[PDB]
Amino acid sequence: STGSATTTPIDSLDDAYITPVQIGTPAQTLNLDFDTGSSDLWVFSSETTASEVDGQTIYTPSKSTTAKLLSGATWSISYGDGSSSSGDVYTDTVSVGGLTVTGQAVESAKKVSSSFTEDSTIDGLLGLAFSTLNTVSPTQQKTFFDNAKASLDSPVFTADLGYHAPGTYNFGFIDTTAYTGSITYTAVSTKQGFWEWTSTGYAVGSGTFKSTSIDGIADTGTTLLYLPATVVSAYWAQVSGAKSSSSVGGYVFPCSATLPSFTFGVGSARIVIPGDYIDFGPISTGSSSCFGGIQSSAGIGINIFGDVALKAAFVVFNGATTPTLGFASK
């Protein structure tokens, strides 16, 4: 089997991407944030505290003939941005882009944090990291990918995120029309439950390439590119008037600037992030200070290749017995 679904930016900045997902019988379609940095499929639901729902579409298990309470199971998750959610669990039929899993754990939110409530465009998350990170207790649950894997034509999914445009998540096949050149594969460590890999270095604009190992994760659920402070300082030093602002929470730059590109290494291959991808616009409405898309990881504990980086590539998440990542230009 295969599946193919279009993923659409939630706003003009590509802050996140939503993908429609069919849950239950008859289908209830929710728009979920596919997150390669977490392992829970959770949804706004009929159980979510009413004051914490503001415009999201909800899953109502009582209207699904295939929903079953997963008795005793609870979940609770905290993300890198300080957001959180928790609740109980149903199993139900879940389909993405024509690919169906029966008996998928659908984590029904009873509580969500303010950032989820305030984002009416995101109806929940679909985690695509390794199932070792799933938070369901007392019986950990599998991701949609892990449940689909054995049925797929190839044990892979691909992320093809757009810049200010829709893109695609494919399951079970590699669309050889969707990228240019060849795909460079690189090793993955699953020790932390992430798609963790080591970049071979970076360049700023037309500058020379610096060969240096940068361990980080491929995380579709993170907007920006978070790298070591040395690398980030080297990038923003090439933008007149750029500075790190403790008041704003990162590097800002004059909105009048033209940003340089940023290149990262994948083995001997190179992925170029155009300068425009690194512009996240005014820090507040009407400001002439703009927020940068490359930020320091120093306060995180891991480097994150988020959407800024991933949307410059066609990315293969190879879930074979030995997982690997692949990157191609596009």
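Residues numbered from 1 in each chain as written, not as in the entry; some residues may be left out. Heavy atoms only, no water. Residues with missing side-chain atoms left out of burial classes, pairs and counts.

- What the entry reports as its method is X-ray crystallography, with 0.9700 Å given for the resolution.

Thoughts on the overall build of the protein chain
So, point 1. Looking only at helices and strands, the protein chain has four helices and 24 strands in total.
So, point 2. Computed over C-alpha atoms, the radius of gyration of the protein chain comes to 20 Å, within 12% of the 20 Å expected from 2.2 N^0.38 for 330 residues, which places it in the range of a compact globule.
So, point 3. For the protein chain, the C-alpha atoms occupy an extent of roughly 60 × 45 × 30 Å along the three principal directions.
So, point 4. For the protein chain, long-range pairs separated by at least 24 residues make up 66% of all intrachain contacts whose partners lie at least 6 apart in sequence. (Helix = DSSP H or I, 4+ residues; strand = E, 2+ residues; numbered from the N terminus. Rg over C-alpha atoms; globule rule 2.2 N^0.38 Å. Contact = heavy atoms within 4.5 Å.)

Overview of the pairing of strand β19 (residues 279-282)
Taken residue by residue, a regular strand's side chains alternate between the two faces of the sheet.
So, point 1. With two bridges joining them, β19 and strand β20 (residues 289-292) adopt antiparallel strand pairing. Opposite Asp279, over in β20, you have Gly292 as the bridge partner. (Pairing = 2+ DSSP bridges.)

What to know about the state of the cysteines
So, point 1. Following the criterion strictly, the structure yields one disulfide and no others.
So, point 2. The disulfide that involves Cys255 links it to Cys290, with 2.1 Å between the sulfurs. The sign of the 105° torsion about the S-S bond sets the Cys255-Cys290 disulfide as right-handed. You can see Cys255 sitting in the loop between β16 (250-254) and β17 (262-266) and its partner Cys290 sitting in strand β20, a full 35 residues away along the chain.
So, point 3. For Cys290, a relative accessible area of 3% puts it in the buried group. (Disulfide = S-S within 2.5 Å. Buried < 20%, exposed > 50% of the residue type's maximum accessible area, 1.4 Å probe, protein only.)

What about the pattern of salt bridges?
So, point 1. Taken as a whole and judged by the stated rule, the model has two salt bridges.
So, point 2. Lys311 is the salt-bridge partner of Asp14, the closest N and O atoms lying 2.8 Å from each other. Of the two residues, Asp14 is situated in the loop between β1 (3-9) and β2 (17-23) and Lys311 in the loop between α4 (307-310) and β23 (314-318); the sequence distance between them amounts to 297 residues. By the burial criterion, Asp14 is buried, and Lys311 matches it. (Salt bridge = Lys/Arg side-chain N within 4 Å of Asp/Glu carboxyl O.)

Observations concerning the layout of surface pockets
So, point 1. For the largest pocket, the calculated volume is near 1200 Å³.
So, point 2. Only β3 (28-35), β5 (68-78) and α1 (114-118) provide two or more residues apiece to the lining of the largest pocket.
So, point 3. When grouped by side-chain class, the residues that make up the lining of the largest pocket number 20 nonpolar, 11 polar and eight charged. (1 Å grid on protein atoms, 1.4 Å probe; cavity = no way out; pocket = protein on both sides within 12 Å on 5 of 7 lines; lining within 4 Å. Points joined across faces, edges and corners; volume = space filled by probe spheres on them. Nonpolar A, V, L, I, M, F, W, Y, C, P; charged D, E, K, R; others polar.)

Focus: the nonpolar core
So, point 1. Counting residues in each nonpolar core, the largest one holds 68 residues, and the members touching the most others are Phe171, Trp236, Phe262, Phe264, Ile273 and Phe327.
So, point 2. No other element matches the four residues that helix α3 (residues 229-236) contributes to this core.
So, point 3. Counting residues domain by domain, this core receives three or more from each of domain 1 (5-174) and domain 2 (175-330).
So, point 4. Excluding residues within four positions of it along the chain, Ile273 makes contact with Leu225, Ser261, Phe262, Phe264, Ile278, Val308, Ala309 and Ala312.
So, point 5. Of all hydrophobic cores here, the second largest spans 17 residues; its members include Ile10, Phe44, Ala109 and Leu125. (Core = buried A, V, L, I, M, F, W, Y, C linked by side-chain atoms within 4.5 Å. Domains from an automatic or database assignment.)

Topic: the sheet that holds strand β13 (residues 210-218)
So, point 1. Pairing in this open sheet of seven strands is mixed, and the strands run β18-β17-β12-β13-β22-β14-β21 from one edge to the other. Either end of the sheet is taken by a strand with one partner, and the two such strands are β18 (269-273) and β21 (294-296). Strand-to-strand twist across the sheet, computed as the mean angle between neighbouring axes with direction ignored, equals 45°.
So, point 2. Here strand β12 (residues 196-204) pairs with β17 via three bridges, running antiparallel. Its bridge partner lying in β17, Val204 is registered against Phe262.
So, point 3. Sheet contacts for α3: β12, β13, β14 (225-227), β17 and β21; angle to β21, the most-contacted strand, approximately 140°. (Axes fitted to C-alpha atoms, helices over the stretch in contact; angles between N-to-C directions.)

Concerning the UniProt feature "active site" in the protein chain
So, point 1. The feature "active site", as annotated in UniProt, sits at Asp35 and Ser199 in this numbering. Restricting the annotated residues just mentioned to those that line the largest pocket leaves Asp35.
So, point 2. Checked against the element boundaries, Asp35 lands in strand β3.
So, point 3. According to the relative accessible area criterion, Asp35 is buried, its value standing at 4%.
So, point 4. What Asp35 contacts, discounting residues up to four positions off in sequence, is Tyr79, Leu125, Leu126, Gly127, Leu128, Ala129, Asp219, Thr220 and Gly221.
So, point 5. Residue placement: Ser199 occurs in strand β12.
So, point 6. Those residues within four positions of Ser199 in sequence are excluded, and the remaining contacts are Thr212, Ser213, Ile214, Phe264, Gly265 and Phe305. (UniProt positions renumbered as here; feature names shortened; annotations may be inferred.)

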